[PDB]
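Numbers for residues simply follow the sequence, beginning at 1. Heavy-atom basis, side chains included; hydrogens, waters and symmetry copies ignored. First listed ligand is number 1; within each ligand, the first listed atom is number 1.
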Amino acid sequence: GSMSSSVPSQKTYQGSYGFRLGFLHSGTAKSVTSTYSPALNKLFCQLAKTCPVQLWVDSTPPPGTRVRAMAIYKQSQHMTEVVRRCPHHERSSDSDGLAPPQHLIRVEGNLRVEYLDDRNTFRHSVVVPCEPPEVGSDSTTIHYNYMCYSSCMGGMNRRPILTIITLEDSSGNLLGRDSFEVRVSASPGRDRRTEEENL
Ligand SMILES: *C[C@@H](C)C(=O)n1cc(C)c2c(-c3ccc4c(c3)CCN(C)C4)cncc21
Ligand SMILES: [Mg+2]
Ligand SMILES: [Zn+2]
């Protein structure tokens, strides 16, 4: 376990541009590879499958704006432990060539992706340029991939995580923040349906 001496803020912050996340409304059929529970504010997804996350604003942010994703453990007693891939998957060398093998969160389909091992906090994050919607689209979507199961021993080790999405300007200053819980499992639709029944 790499231990950090800080914890990233999780405070929701729409900021000047009205930043917030959206998710597809995918339902809980057996065939779904990712599904989002609004009641739990929790994303359920399969290992290394595309998770679309929409980025919404009310006004266009300045040029060079970027969007960063970072995972932390949800439980207070684990929050200072850096979220990382388990030993097996890190050594599996399943990298797309861009992502460090230790990083839990990847972005797919974006050649401008940038990965950070923070030299002071030791936290991992992934950042991409933030684009307005393309011609013929009404949304900006990032395709995230979670590269370990929540049950991966020596990684998340059955502990729940939060993903924190931050909108930043070109200089790294905070423009907006949103977050959601994540469970990575082989049966996201069933797992979402079950957890919502336990409400
Ligand atoms: C970097 C991302 C957050 C960004 O600059 N961004 C995302 C979105 C969705 C967006 C818009 C935008 C907002 C709302 C609508 C539309 C575009 C298109 C039409 N529908 C109805 C609403 C604008 N600028 C930037 C931006
Ligand atoms: Mg929300
Ligand atoms: Zn793993």
Problem - Under 3.5 Å: N/O of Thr60 near N/O of ligand 1 - result: yes
Handout entry: Which residue and heavy atom of the protein sit nearest atom 16 (C) of ligand 1, plus the separation
Key = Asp138 O, 4.0 Å
Exercise for the section: Indicate, as side chain, backbone, both or neither, the part of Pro61 found under 4.0 angstrom from ligand 1 when only non-hydrogen atoms are considered. Expected result: side chain
Handout entry: ligand 1-proximal atoms of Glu131, by part, heavy-atom distance under 4.0 Å
Key = backbone
Practice task
Note the single closest protein heavy atom to atom 2 (C) of ligand 1, along with its residue, its atom name and the distance in Å.
Solution key: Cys130 SG, 2.6 Å
Problem - Salt-bridge contact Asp94-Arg85 (side-chain N to carboxylate O under 4.0 Å) - result: yes
Problem - Pair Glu196 + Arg192, salt bridge at N-O below 4.0 Å - result: yes
Problem - Numbering as shown, the atoms of ligand 1 that approach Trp56 to under 4.0 Å (heavy-atom distance) - result: 9 (C)
Problem - Atoms of ligand 1 close to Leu55 [distance to a heavy atom under 4.0 angstrom, numbered from 1] - result: 3 (C), 7 (C), 8 (C), 9 (C)
Exercise for the section: Output yes when a side-chain donor or acceptor of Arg20 lies under 3.5 Å from a complementary backbone atom of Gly18, and no otherwise. Expected result: yes
Exercise for the section: Quick one: look up the protein heavy atom nearest atom 13 (C) of ligand 1 and list residue, atom name and how far away it is. Expected result: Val57 O, 3.6 Å
Exercise for the section: May I ask you to identify, for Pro133, whether its side chain, its backbone, both or neither come under 4.0 Å of ligand 1 on a heavy-atom basis? Expected result: side chain
Exercise for the section: Indicate the ring-plane relationship of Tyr36 and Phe23, choosing parallel, tilted or perpendicular according to the 30° and 60° boundaries. Expected result: parallel
Problem - Side chains of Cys51 and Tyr146 in contact at under 4.5 Å (non-hydrogen atoms) - result: yes
Handout entry: Any donor-acceptor N/O pair, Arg123 side chain to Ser6 backbone, under 3.5 Å
Key = yes
Problem - Contact bool for atom 21 (C) of ligand 1 (protein heavy atom, d < 4.0 Å) - result: no
Exercise for the section: Before accepting this row, confirm whether a basic side-chain N of the pair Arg112/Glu131 lies closer than 4.0 Å to the acidic partner's carboxylate O. Expected result: yes
Handout entry: Donor-acceptor contact present, side-chain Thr35 to main-chain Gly27, <3.5 Å
Key = yes
Problem - Electrostatic pair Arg159-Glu81, nearest N-O below 4.0 angstrom - result: yes
Exercise for the section: Name the orientation class of the two ring planes belonging to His78 and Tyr73 (parallel below 30°, tilted from 30 to 60°, perpendicular beyond 60°). Expected result: perpendicular
Fill in the blank from the handout: So the atoms of ligand 1 within less than 4.0 Å of a heavy atom of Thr140 turn out to be 7 (C)
Handout entry: Distance flag for atom 7 (C) of ligand 1, protein heavy atom under 4.0 Å
Key = yes
Problem - For the Zn ion (ligand 3), the closest N/O/S atom belonging to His89 - result: ND1
Exercise for the section: Examine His88 and say whether one of its N/O/S atoms is closer to the Zn ion (ligand 3) than 2.8 Å. Expected result: no
Completion exercise
Row for the Zn ion (ligand 3): angle SG (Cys148) to SG (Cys86), 10° precision, value 110°
